[PDB]
Every structure is written in structure tokens, then in C-alpha cells.
Amino acid sequence: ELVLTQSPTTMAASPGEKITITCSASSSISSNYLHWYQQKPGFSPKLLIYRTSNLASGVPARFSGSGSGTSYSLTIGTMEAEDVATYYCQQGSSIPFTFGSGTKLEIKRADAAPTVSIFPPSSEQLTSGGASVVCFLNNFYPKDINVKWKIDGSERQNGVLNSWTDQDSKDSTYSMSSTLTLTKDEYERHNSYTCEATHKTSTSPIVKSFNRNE
Amino acid sequence: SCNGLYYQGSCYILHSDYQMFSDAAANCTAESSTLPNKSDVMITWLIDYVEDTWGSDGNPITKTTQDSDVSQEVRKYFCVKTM
Amino acid sequence: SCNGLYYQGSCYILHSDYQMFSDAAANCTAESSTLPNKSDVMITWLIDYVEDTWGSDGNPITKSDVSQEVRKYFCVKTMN
Amino acid sequence: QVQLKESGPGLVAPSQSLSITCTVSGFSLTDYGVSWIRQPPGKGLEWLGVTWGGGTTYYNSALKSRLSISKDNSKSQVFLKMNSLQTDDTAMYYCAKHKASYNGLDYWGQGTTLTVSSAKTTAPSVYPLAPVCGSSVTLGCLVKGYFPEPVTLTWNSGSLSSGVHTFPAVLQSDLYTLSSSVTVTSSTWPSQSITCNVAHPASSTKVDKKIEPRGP
């Protein structure tokens, strides 16, 4: 097959600055058969550039494409917050039709500390026998973050489920959710519940806590 | 004597150079011709050729019934003249 | 009576399914027709139409290993 | 208006068969090609096959022996059938319309989620997250212990979208958990109510959980 290799795999682009991503084919393609798609998390891909360089409906003029033979590229003239997405090239000349390996574009912005919120278990869950404690670590930058759970002042590692968002298209931040699950009985046998967030914005963690008996 | 496609009294000559709409229209006018009228080309075999080329109203000829916000839109075009 | 391109006694009929070469050639044969000859078309007004469609030589008509490539094609038949 | 809509079984057991229907409108299947493309969770796009207007059909050879495509022009339906399903086949399945030339894909369906697993379908429990005890307040909803994907979640029937974070579902063993946070001006809550709306089509679940301002 005609394998399309995209570079880089992930790119952090400076705001308002020109950025280019590349698509390298294992076999030569006529430029009419090379297209680009944009995909945002939770949505279908959308046709972005057709026949190497022709912008699709609704695509801002800051987008462009160029190339020939085995080497193609997509350029954004000025990186905008809403341009964060994964981009795929595709060839339509030979079977099997193939998509590129994908490039995820992210955007740079000022460092931001996470807004941390902690939530005790609901009565619905408690009365059914379960107990999940939830911590949101919201709207931070850059993306690297660690969460530590403590029960009664000591680290708790098991029973944790973590999920992270991709970059927000509006404010260019990242968010994370962390859920610690115990049974109601186990939850009631301890008092202090703490989530600690370690991020580059501080040498000290951002900490949220509650005491069950309060 | 039609160096192109013949349909219902008119000859359709292909111009393979991609142009913006107004340039395509100008070029047909230079040849005492017009761009295809969408109501005149409603036959499958002909649309197979004329699809995605400029119609006389500034929209592409299509087998559907937009896609109308295209930046720097360039298309091929046919120039049409009565035989 | 040629619903396509008429040139010097031959009718060129466009087939719009993208097909591999062998499939395209088999279709024209079934239609008692041939694919365009690249030499017959290159110096003519047909070239802009038949460019990048299958030639009878197994290659897309212009102005490598192509066995997996898919293209549209014309089937050509003489009119008498 | 061009539309494509996938409809699939959602969950199928390993080694069983799969059938997905793509129903199109706004164009004729005799006039344009339609391709099937899939995307495993967090992965890239894999083209599966195509059927063109005249019926010409080609496949990805990495799957050809296991995959078939057919269509009904009169009913505007394209079909994808797969046999001997494996875990790897778990993916979002899309159908997409081809442009008239060059095999770009101009219109895509919203996709159908397909999971290959022996695990049981299970409805989520939907739990309110309130500060049961600044200028902003954060609330949430915990959508716990469901299978398979997907769920949909909105706040106040979609009228509350600013300051929302809905976190991708995570699978642990045979059950998913998802969560969502919503942040509003503190003075507005609980005076103005906030409700998370959760749908899990696989279990015919529709839940509206109001975040009640319960105390300690």
C-alpha cells in the first residue's frame, strides 16, 4: 500500500505564528489525489483541503497546502486557538486508499494553575453501598500533571480512575478528572479525603480536602 | 464540427485551465460563448463531464441540489455556443 | 448519436467508476470497444478529456507499478 | 442536503458477524462512491472499502477475506458486513461520500460505535456531584459502571455549555466510567437549577439528574 507518514506526531504551535505539517508517501502521487482532513475529538473528520491546495467550504484562508511526488504539506498562516485538532492526509489514487499517521496540533499559551474541586460521594451512591470521591483539576497549562490521593493523610494508589481532555479550543487549557472508588463501609471508616495536584506552576501541590465527619 | 460535447443544439468546449468564476465567464465571452446553464445540462452523460465546473450563475454544476463559502475557488469550465 | 466525444469516426464513452486497469479493459472488451490509444489522442482536442484516464497501454494517459491505481476510462468504438 | 447515517448493532461477541447500514439522502448511490472507514479508540483512520456508482467495489487487502460491502441503490443503503470479529475490530465505523473526482471524501456520517466483547450491556448509574460541605462554583456528574460506549451528556438540555468539561470514558475491566464538570457564577447556584442529562442508548437509559444543594 501507499503508506503516508506524517510529521511531527504532535506539534505545539506558537499563537498567531506560521506552522507547517508534512505528509510523506512511500509511492509518488499526482497532486490531484492528495487531500487533508481535520478531526476534533468527538466529531467525524472533515474535508479541509482537496487536490493538495484547494480549500474546502468554510475553511479559513489562513490554511494552505502544497506538494508533489511523495512530499506534501499543510500550512496554517497564523495558528489560532480553534485550529487545535488532529490532521490527516489521504491519497485516493491507488487501492487501498490510505490515511496518514496523523498530526495533533496544540497551541501555546501562558502557564495556568489547575482549578481543583473535590466532591464527596452522593447519597444515591452511598445508600446503594458504593462511595466515589471525585477531584476535577480544571483549565491548566501546560498539559503535564500528576494527581495524588490521600486517605487519612496517607497515599492511596488503588481504586483510582483518571481521564484527561484534549486542549480546549477556546482558552487553550487542559483538564483532568480523578475518581477514587471505595465501598460505603470503607468510606465511613476513614475521615480525611485529599486530592493533591502537582503541576509546573508551583513547586508545592494544589490541595483540596474534606473531612467526612464535617 | 463540434470539438467537444454536443447536446440539444449546443457545443460544449472544455477549458482545462482552472480559473475563478469571473475569469471563466470572461473567457467564454471572448469566444462569443456562455458558461453552461444548470437547467440545460440535466442529463447524466453530460453532467459526468460538466460536474464541478462553473455554471452560469456562479455556482458549480452538480448532481446534487453547498458548499458555497469556498476561499479562492477555482474551477475548470465549458464554453457553450449554439451550433 | 454519440453521447460523449466524437472524433474522426470514433465515439468515446466516459465510464465514471474508478477501476483498476484490468477491470477497465475488461469492460471495454465486453462493450466491443477499446481503451484510447495514447498516440491517437495526444495531439488532439481529446487530450484534456482523456488525460489521467486509462490508456490501452496500461497507463493513465499523460502529456512505475500502476497495478493498484484506479482511474476513470473511455471506451472507444468506431461509428459507421 | 447530503446526509449519511450509520446504524449498527453497537456490541457484538467475538467470532460473531457484524452488519452495519449506511442510509444516505440528498444524492443517489448511482452517482457517487461511498467508502467505509474505521477508527479504533484514540487511533487513526483505516479505509475498509468502497462501492462506486456502477457497483464497482474494492477492499483493503488487510481485511478483504473478512469484509464485504454491498448496496441497494433503490433504498439508498450501503452495507458493511464483517465475520470472525476480533477485539481489534472495536472502532467507530464511518461511511463517507466521495467527491465526483479524485476520491476525496466530502461528506461523512456521524459514525456508529462498535465494540467487540463478551461483556454484558449495563446501564450507567448517574451520580450528582455537589459541594455538600469564591466567585465561581463547580458542580459535576459521575456516570459510573456502564457498557458499552457511547453515552451522551449535556447540562440543562444543552443550554449550559460554557465552563463544561466532559471527560472521555475510561474502561476498567468490563465497565466504563465518565464524568463531567460544570462551572458557573457562584451567586447563580442553587437559585438557578443545574441538571445533567445522560443517555445510554444501548440500555435505553435516559436520566435527568438535578444537582440538589444538599448539606452536611
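Residues numbered from 1 in each chain as written, not as in the entry; some residues may be left out. Chains lettered and ligands numbered in written order. Heavy atoms only, no water. Residues with missing side-chain atoms left out of burial classes, pairs and counts.

- As documented in the archive entry, the model was determined using X-ray crystallography at 1.60 Å resolution.

- For chain D, the name recorded in the PDB entry is Murine IgG2a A27D7 Heavy chain Fab domain, with Mus musculus as its organism.

### Comments concerning the sheet that holds strand 1 (residues 3-7) of chain D
Residues and elements named next belong to chain D.
- Taken in spatial order, the four strands line up as 1-3-8-7 in an open sheet, and their pairing is antiparallel. The sheet is open, and its two borders are formed by strand 1 and strand 7 (67-72), each paired with just one other strand. Pairs of neighbouring strands in the sheet enclose a mean axial angle of 20°, with direction left out of account.
- Inspection of the sheet shows strand 7 paired to strand 8 (residues 77-82) by six bridges, in the antiparallel sense. Note that in strand 8 the partner of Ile69 across the bridge is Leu80. (Pairing = 2+ DSSP bridges. Helix = DSSP H or I, 4+ residues; strand = E, 2+ residues; numbered from the N terminus. Axes fitted to C-alpha atoms, helices over the stretch in contact; angles between N-to-C directions.)

### Let's talk about the interface of chain A and chain D
- With 44 residues of chain A in contact, the opposing surface of chain D contributes 48 residues.
- Listing elements by their share of the side of chain A that touches chain D, those giving two or more residues are strand 4 (34-39), strand 5 (46-50), strand 8 (85-91), strand 11 (115-119), helix 1 (123-128), strand 12 (130-140), strand 15 (160-164) and strand 16 (174-183) of chain A. (Contact = heavy atoms within 4.5 Å.)

### Focus: empty space enclosed by the protein
- Quantified by volume, the largest cavity comes out at close to 30 Å³.
- Residue lining of the largest cavity: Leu161(A), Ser163(A), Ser177(A), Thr179(A), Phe167(D), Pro168(D), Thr177(D), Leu178(D) and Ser179(D), and that is the complete set.
- Contributions of two or more residues to the lining of the largest cavity are made by strand 15 and strand 16 of chain A together with strand 15 (164-172) and strand 16 (175-185) of chain D.
- Ranked by residues supplied to the lining of the largest cavity, first place goes to strand 16 of chain D with three residues.
- Classifying every residue of the lining of the largest cavity gives four nonpolar, five polar and no charged. (1 Å grid on protein atoms, 1.4 Å probe; cavity = no way out; pocket = protein on both sides within 12 Å on 5 of 7 lines; lining within 4 Å. Points joined across faces, edges and corners; volume = space filled by probe spheres on them. Nonpolar A, V, L, I, M, F, W, Y, C, P; charged D, E, K, R; others polar.)

### Digging into the state of the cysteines
- Under the criterion given, the structure shown has eight disulfides over all chains.
- Two residues, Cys23(A) and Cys89(A), share a disulfide whose sulfurs are 2.1 Å apart. Across the S-S bond linking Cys23(A) and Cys89(A), the dihedral sits near 80°, which makes this disulfide right-handed. Of the two residues, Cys23(A) is situated in strand 3 (residues 19-29) and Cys89(A) in strand 8; the sequence distance between them amounts to 66 residues.
- Assessed through its relative accessible area of 0%, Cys89(A) is described here as buried.
- Linked covalently through their sulfurs, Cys141(D) and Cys196(D) form a disulfide whose S-S length is 2.0 Å. Judged by the torsion about the S-S bond (-80°), the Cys141(D)/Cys196(D) disulfide is left-handed. (Disulfide = S-S within 2.5 Å. Buried < 20%, exposed > 50% of the residue type's maximum accessible area, 1.4 Å probe, protein only.)

### So, the interface of chain D and chain C
- The interface of chain D with chain C comprises 10 residues on the first partner and eight residues on the second.
- With both sides pooled, the region where chain D packs onto chain C buries about 690 Å², and carbon together with sulfur makes up 42% of that total.
- By the criterion of area lost to chain C, the three top residues of chain D are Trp52(D), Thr56(D) and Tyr58(D), representing 60% of everything that side buries.
- Counting the contacts that link chain D with chain C gives zero salt bridges.
- Looking at side-chain class alone, the side of chain D that touches chain C contains four nonpolar, six polar and no charged residues. (Buried area = accessible area lost by both parts, 1.4 Å probe. Salt bridge = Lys/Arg side-chain N within 4 Å of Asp/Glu carboxyl O.)

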